[PDB]
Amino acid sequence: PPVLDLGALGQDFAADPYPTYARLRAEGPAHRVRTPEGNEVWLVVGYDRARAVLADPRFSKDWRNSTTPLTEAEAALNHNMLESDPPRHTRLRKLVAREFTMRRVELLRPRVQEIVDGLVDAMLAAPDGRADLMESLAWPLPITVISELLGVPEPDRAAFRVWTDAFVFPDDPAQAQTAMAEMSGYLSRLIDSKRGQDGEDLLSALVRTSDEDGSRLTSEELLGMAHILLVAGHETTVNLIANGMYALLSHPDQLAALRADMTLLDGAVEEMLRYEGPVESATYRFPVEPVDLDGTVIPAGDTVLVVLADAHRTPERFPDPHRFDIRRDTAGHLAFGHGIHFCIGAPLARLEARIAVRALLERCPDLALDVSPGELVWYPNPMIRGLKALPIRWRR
């Protein structure tokens, strides 16, 4: 067909892109499109095709295989595991795998609970029983966790809402590059601040690993690792919490069910990921050779987006897919990807989301959405499903 312009679809396409994705899926697996930002890319839609492409080594994540150029500021930060293939990817992920196991992340539970308690206390102080859930919770909890973990001092953390705000929804191209340069310069000064201080946080550890053996972790990869750990876990966990609570509060049958039986909570969190998880499309992939998908040939070097949102509405794989149902069999969702890059952070994402959902339900009586769904505004980006705000209210 021709290329399909997505920016030239309404705020409607941002508010509910799923029917567009479903229509493409009925035509085939791979489609050339143009993003609202302006970029010519491929979409891959359909569960079985998504799953497969995420795990197919012909699809590289190394920008050396892309025909798309990076700016200087972007180049300085691509020395990370998510934008690598084996063997670099293998080497890099070994350095932090131990820190993100289920058993190790469980040790954080008391602290995370303590962070959520304080954030909810503060919220419930509001005199008119209303708040924005983003400002009060979905946003502060994950920065706070990832910031203690890596050793970002308190005063420096606000900057991150601004820097990542510009990576998602900039005012223009040039401010994304400025944020990037600004963030890179800050992570170097932070990294240097750790050297020689004998600190026991994750970033001090990495500084020591790099200093001990530059071939295991170069100083560009050291920066890249700090960068990826911050970003990758933060834009995503924020919007999971926010979207997830939005799904629950816009499906009051399901909210009631979970109140009545809080053993259902983990299952609910998984269905929050399946139904409206923050990663709408996976991160860029570039074919190392022409790749044929039901007779559509995607050329070597092109940018390919696996549309996870659409794999999640594929009825052959998720029955009655438009239904939000916290008891559903969710095993096999691709919210955390699939394959060698499967999310390193998932045990932490889950731990925070489970604790936040439960605190809200247990401490807010008659908790409720404080606008209509049609009033909410979603960020247009086809890679990130997220709200501008989430007005709620409760009794008192």
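Throughout, we count residues from 1 along the sequence that is shown.
Here the stretch with the larger average CA B-factor, out of 307 to 315 and 113 to 121, is 113 to 121. As listed in the deposited structure, the average C-alpha B-factor of 288 to 296 and of 244 to 252 is greater for 288 to 296.
Ranking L108, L273, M180, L264 by Cα temperature factor from the entry places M180 first.
Across the residues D201, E135, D325, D302, the deposited record lists the maximum Cα B factor for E135. Among the modelled residues of its chain, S60 has a C-alpha B-factor that falls in the lowest third according to the deposited record. Among the modelled residues of its chain, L150 has a C-alpha B-factor that falls in the middle third, as given in the PDB entry. Sorting the modelled residues of the chain by their CA temperature factor places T164 in the highest third. Sorting the modelled residues of the chain by their CA temperature factor places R32 in the highest third. For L229, the recorded CA temperature factor ranks within the middle third of the chain's modelled residues.
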